[PDB]
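Visitor: Would you mind keeping the following structure in view while I ask a few things?
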Amino acid sequence: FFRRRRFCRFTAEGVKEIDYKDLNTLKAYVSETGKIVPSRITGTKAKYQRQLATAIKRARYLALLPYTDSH
Amino acid sequence: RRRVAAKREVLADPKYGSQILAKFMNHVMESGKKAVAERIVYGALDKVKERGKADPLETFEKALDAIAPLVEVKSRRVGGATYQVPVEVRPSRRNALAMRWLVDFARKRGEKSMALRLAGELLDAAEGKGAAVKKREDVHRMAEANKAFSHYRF
Amino acid sequence: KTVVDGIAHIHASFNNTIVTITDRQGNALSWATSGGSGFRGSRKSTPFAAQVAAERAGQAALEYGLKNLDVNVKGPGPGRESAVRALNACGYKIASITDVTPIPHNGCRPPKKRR
Amino acid sequence: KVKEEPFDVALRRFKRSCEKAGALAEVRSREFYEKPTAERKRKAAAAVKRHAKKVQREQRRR
RNA sequence: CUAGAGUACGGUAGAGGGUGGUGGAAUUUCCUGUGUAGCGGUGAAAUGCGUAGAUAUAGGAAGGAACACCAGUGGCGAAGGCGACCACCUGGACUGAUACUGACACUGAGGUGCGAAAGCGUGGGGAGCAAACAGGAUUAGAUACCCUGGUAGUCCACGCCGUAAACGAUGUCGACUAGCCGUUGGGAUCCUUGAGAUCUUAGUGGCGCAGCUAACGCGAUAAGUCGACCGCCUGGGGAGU
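Chains as they are written, first to last, in the entry's author numbering: chain r, 4 to 74; chain g, 3 to 156; chain k, 14 to 128; chain u, 4 to 7, 10 to 67.
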């Protein structure tokens, strides 16, 4: 039920407009290499999974998160 | 191919008291001529006792283990490429490989007095200069060129 | 000449495997290939031949010392992990093992499909 | 990335960490270009093999 | 007159368009260091590339196009189509409450538009890929498959052409007809902690009863029961000539 509670990581709270600033949240959703996790592993609702993917791609642009283990 | 094959046993050598020599005697017999082949194996046994003071069973015990090989190839074809695989020779099989190599090189020795042909074969393999020992080690060299195919498409 | 704590580069294609021992500066010390060990064909692509060429690079590396190695593995082909087990067989302290793999995000288009 | 302690442990921590990350099947699909219709066949046949697997397992779940 | 249809008001979701800008990984060409005998390719080889210092490896520069993971029977668009991030203009759909107009609707011969890709015209631009072509191999033979190279093209601006297995092989619109399991988005009611509950519309999937069907099979997203208008079919070749 670990994939069930992470659906409530955004829906149980009123944190609907997520930001690209809380890196302590976003590092839970990024794998060890750098690529972004699926949504059948976290089990988050697909409204927020689309909203989660934008905050990664903006934080990646501002060099707050890497791409690969190369750089 | 249901597995069927049981085991039949031949172990009889009363005039010397041996077991390996009786199985070796069967590889010399042609068309059931047992009494002919019996006096030739003893005929090439006493010439070693004439030659060496040691008991010639142990000369025969040493001459097996310098003709008997360890690994050999096995051409198992993948069905589109002909490969060969060096395989470990089973411990039961490795006795008969030496005894069958030994007789076939005795027949092309090209001497006189037939029991002297087999006499010279058992003398060389206690040293290593026999043609059976040279045929042993050459197939050993074929495995390491084949050693790349040991597990992979094997 | 004396250098220590070198870097081992391993390049593994579908037909050949090239191993190179370098420094932190990225300078050649000893290179060794699967074709130079005398295989040249279907035997060339085997992971056994990636052990023969691996240790042979590990013998001209003791000219300069190099008691510590850092391994970068690169390529899709077989012998990708068999070459690492043939490194400390020569007696080298392997510190860390690292995948380097060129993966284009979109990239140029590859050649066409075989028939 | 795998650091190091015997050596056989760090091998199996590396053979597995590469596969659990990926970048080995993706390399194998870079050697022939698929036209986007043939990439719509993977999208078609794999969706059938997932929705039929949710129902064939229910026969085991009887 | 307000049940069709349309307007005003909140509110969400989206690779729906157009105009600029900016990224990171990878490929190639070039420069420079180290270093020295092969690399590359394949059922196996050969053509090719190499000490006139290649592959490898490190540093740097230039340039071109595509946009991993998220990504899904998932979305949007009238259809073709549409995936990096941001600004910039800009169309329509959903959902709720409430007032207004009071039938203002449907379909549509002719006519008007938007039309994948290959191709055509003038100008740019040239990373990879690659018809035509060249060489090697296979082969009785091999223009072919496989291998090494390689040009128009693919890319951009402007204009043209109008066809495709342009496919759900199913014209648009409206009304009734047992169920069950999914899923996108949106309100509800509800005990409240929910991994909640049930109901209702707008989509999108898997089974299924009546019913229909030559059979296969569809089955509230009908090929079921019925209406309104349009297009089209009449044995095979000859011939969509």
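We treat Cβ as the ideally placed atom computed from N, Cα and C, and that holds for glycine.
State buried or exposed for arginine 33/u, treating a residue as buried only when at least 16 other CB atoms are found within 10 Å of its CB.
Guide: Taking the first residue of the fourth sequence as position 1, residue 33/u is located at position 28. By the C-beta density criterion, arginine 33/u is exposed, having fewer than 16 other C-beta atoms within 10 angstroms.
Visitor: Just the Cα atoms here: how many angstroms apart are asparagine 81/k and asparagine 40/k?
Guide: As a working mapping, residue 81/k is identified with position 68 in the third sequence. As a working mapping, residue 40/k is identified with position 27 in the third sequence. If I take the Cα positions, the gap works out to 16 Å.
Visitor: Touching or not, the stretch 108-128 of chain g and the stretch 32-47 of chain g, by the rule of three or more beta carbon pairs under 8 Å?
Guide: Flag = yes, the stretch 108-128 of chain g and the stretch 32-47 of chain g touch.
Visitor: Using a Cβ-Cβ cutoff of 8 Å, what residues of the stretch 92-115 of chain k are near chain u? List them in chain order.
Guide: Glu94, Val97, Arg98, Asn101, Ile107, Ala108, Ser109, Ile110, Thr111, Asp112, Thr114
Visitor: For chain r, is any of its Cβ atoms less than 8 Å away from the one on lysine 40/u?
Guide: Counted from its first residue, the fourth sequence places residue 40/u at position 35. For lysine 40/u, the answer is no, since every Cβ of chain r falls outside 8 Å of its Cβ.
Visitor: What whole-angstrom Cβ distance do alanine 70/g and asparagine 97/g have, given they're in contact under 8 Å?
Guide: Here residue 70/g is taken as the residue at index 68 of the second sequence, counted from 1. Here residue 97/g is taken as the residue at index 95 of the second sequence, counted from 1. Their Cβ separation, rounded to whole angstroms, is 7 Å, which keeps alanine 70/g and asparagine 97/g in contact under 8 Å.
Visitor: Residues in the stretch 45-68 of chain k with C-beta within 7 Å of chain g's C-beta atoms, listed in sequence order?
Guide: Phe52, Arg56, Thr59, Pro60, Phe61, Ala62
Visitor: Is it buried or exposed for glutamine 64/k, if we count other Cβ within 10 angstroms and need 16 for buried?
Guide: Along the third sequence, read from residue 1 onward, the residue named residue 64/k stands at position 51. By the 10 Å Cβ count, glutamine 64/k comes out buried.
Visitor: Kindly say whether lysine 4/u, judged by its beta-carbon, lies nearer than 8 Å to any beta-carbon of chain r.
Guide: Here the question's residue 4/u lines up with position 1 in the fourth sequence. Closer than 8 Å: yes.
Visitor: For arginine 8/r, which of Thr71/r, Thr47/r, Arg63/r has the nearest alpha-carbon?
Guide: Working through the first sequence from its first residue, we reach residue 8/r at position 5. Selected option, being the one with the closest Cα: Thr47/r.
Visitor: Is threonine 36/r close to chain u, meaning its C-beta is less than 8 Å from at least one C-beta of that chain?
Guide: Position 33 of the first sequence holds residue 36/r. Yes, because at least one Cβ of chain u sits closer than 8 Å to the Cβ of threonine 36/r.
Visitor: Could you tell me the distance, in whole angstroms, from the CA atom of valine 135/g to the CA atom of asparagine 101/k?
Guide: Position 133 of the second sequence, counted from the start, is the residue given in the question as residue 135/g. Position 88 of the third sequence, counted from the start, is the residue given in the question as residue 101/k. Distance between the alpha carbons of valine 135/g and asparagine 101/k is about 37 Å.
Visitor: Drop a sphere of 10 angstroms on the beta-carbon of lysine 58/u, count the other beta-carbons inside from all chains shown, and report buried for 16 or more, exposed for fewer.
Guide: Position 53 of the fourth sequence, counted from the start, is the residue given in the question as residue 58/u. By the 10 Å Cβ count, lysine 58/u comes out exposed.
Visitor: Would you list the residues sitting across from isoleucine 34/k in a DSSP beta bridge?
Guide: Numbered from its first residue, the third sequence carries residue 34/k at position 21. Answer by DSSP bridge pairing, in chain order: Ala21/k, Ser43/k.
Visitor: If you check the beta carbons only, do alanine 108/k and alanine 70/k fall under 8 Å apart?
Guide: Your numbering for residue 108/k matches position 95 in the third sequence. Your numbering for residue 70/k matches position 57 in the third sequence. No, the pair does not count as a contact, with Cβ atoms beyond the cut-off.
Visitor: If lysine 14/k and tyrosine 105/k are in contact, beta carbons under 8 Å, what's the gap, nearest whole angstrom?
Guide: Numbered from its first residue, the third sequence carries residue 14/k at position 1. Numbered from its first residue, the third sequence carries residue 105/k at position 92. About 18 Å; that fails the 8 Å criterion.
Visitor: Runs of 4 residues minimum, wholly inside the stretch 63-132 of chain g: which ones carry the alpha helix (DSSP H) assignment?
Guide: 96-108, 117-126
Visitor: Run through DSSP, which three-state label would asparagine 101/k get?
Guide: Your numbering for residue 101/k matches position 88 in the third sequence. In the three-state scheme derived from DSSP, where H, G and I count as helix and E and B as strand, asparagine 101/k is classed as coil.
Visitor: Name, please, each residue of chain u whose Cβ falls closer than 7 Å to the Cβ of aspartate 72/r.
Guide: Residue mapping note: residue 72/r aligns to position 69 of the first sequence, counting from 1. Residues of chain u with a Cβ closer than 7 Å to the Cβ of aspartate 72/r are, in chain order, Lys4.
Visitor: To the nearest angstrom, how far is it from the Cα of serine 26/k to the Cα of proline 89/k?
Guide: As a position in the third sequence, residue 26/k is number 13, starting the count at 1. As a position in the third sequence, residue 89/k is number 76, starting the count at 1. Distance from the CA of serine 26/k to the CA of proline 89/k, rounded to the nearest whole angstrom, comes to 6 Å.
Visitor: Keeping to the same chain, check which residues put their C-beta closer than 8 Å to that of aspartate 72/r; ignore five residues upstream and five downstream.
Guide: Here the question's residue 72/r lines up with position 69 in the first sequence. Result list for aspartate 72/r: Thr36, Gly37, in chain order.
Visitor: Between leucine 26/r and the rest of its own chain, which residues show a CB-CB distance below 8 Å, the 5 nearest in sequence each way excluded?
Guide: On the first sequence, position 23 is the one that residue 26/r refers to. So the list reads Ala62, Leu67, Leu68, once near-sequence residues are dropped.
Visitor: Would you kindly report the start and end of the unbroken alpha helix (DSSP H) that includes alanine 7/g?
Guide: Sequence index remark: in the second sequence, residue 7/g carries index 5 (1-based). That residue, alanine 7/g, is in no alpha helix (DSSP H); it is neither H nor E in DSSP.
Visitor: For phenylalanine 151/g, collect the residues of the same chain with a Cβ closer than 8 Å to its Cβ; drop the 5 residues on either side in sequence, then sort them by chain order.
Guide: As a working note, residue 151/g is residue 149 in the second sequence. Within the same chain, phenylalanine 151/g has close Cβ partners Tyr85, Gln86, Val87, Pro88.
Visitor: Output yes if chain u places a C-beta closer than 8 Å to the C-beta of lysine 125/k; else output no.
Guide: As a working mapping, residue 125/k is identified with position 112 in the third sequence. Output row for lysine 125/k: interface = yes.
Visitor: What do you reckon, are the CB atoms on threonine 35/k and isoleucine 23/k nearer than 8 Å?
Guide: The residue labelled residue 35/k in the question sits at position 22 within the third sequence. The residue labelled residue 23/k in the question sits at position 10 within the third sequence. Not a contact, by the Cβ cut-off of 8 Å.
Visitor: Using the beta-carbon count (16 or more within 10 Å), is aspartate 112/k buried or exposed?
Guide: Position 99 of the third sequence, counted from the first residue, corresponds to residue 112/k. Flag for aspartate 112/k reads buried.
Visitor: Please go through the same chain and pick out, in chain order, the residues whose beta-carbon is closer than 7 Å to the beta-carbon of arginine 155/g, but skip the five residues on each side of it.
Guide: Stepping through the second sequence from its first residue, residue 155/g is reached at position 153. Correct list, in chain order: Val80, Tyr85.
Visitor: Taking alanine 37/g as the reference, which of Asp15/g, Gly54/g, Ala56/g, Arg143/g has the closest Cα?
Guide: Counted from its first residue, the second sequence places residue 37/g at position 35. Comparing Cα positions, the closest option is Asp15/g.
Visitor: Among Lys87/k, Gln38/k, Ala74/k, which residue has its Cα nearest to the Cα of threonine 114/k?
Guide: Taking the first residue of the third sequence as position 1, residue 114/k is located at position 101. It is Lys87/k.
Visitor: Within the stretch 18-71 of chain r, note down every full alpha helix (DSSP H) run reaching 4 residues or more, in order along the chain.
Guide: 26-29, 49-64
Visitor: Here's the rule: buried if 16 or more other CB atoms are within 10 angstroms of the residue's CB, otherwise exposed. What is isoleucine 110/k?
Guide: Residue 110/k sits at position 97 when you count from the first residue of the third sequence. Its Cβ being crowded by 16 or more others within 10 Å, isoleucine 110/k is buried.
Visitor: If we call anything under 8 Å between Cβ atoms a contact, is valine 30/g one with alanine 24/g?
Guide: Numbered from its first residue, the second sequence carries residue 30/g at position 28. Numbered from its first residue, the second sequence carries residue 24/g at position 22. No, the pair does not count as a contact, with Cβ atoms beyond the cut-off.
Visitor: Near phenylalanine 13/r, what residues of its chain come up, given a Cβ to Cβ distance below 6 Å and the 5 sequence neighbours on each side ignored?
Guide: As a first step, residue 13/r is located in the first sequence; it is residue number 10 there, counting from the start. So the qualifying residues of the chain are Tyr51.
Visitor: Is it right to say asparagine 119/k is buried, meaning 16 or more other beta carbons lie within 10 angstroms of its own, or is it exposed?
Guide: As a first step, residue 119/k must be located in the third sequence, where it is residue number 106. Exposed: under 16 other Cβ atoms inside 10 Å.
Visitor: Please state if the CB of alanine 127/g and the CB of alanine 68/g are separated by a distance shorter than 8 Å.
Guide: As a first step, residue 68/g is located in the second sequence; it is residue number 66 there, counting from the start. As a first step, residue 127/g is located in the second sequence; it is residue number 125 there, counting from the start. Yes.
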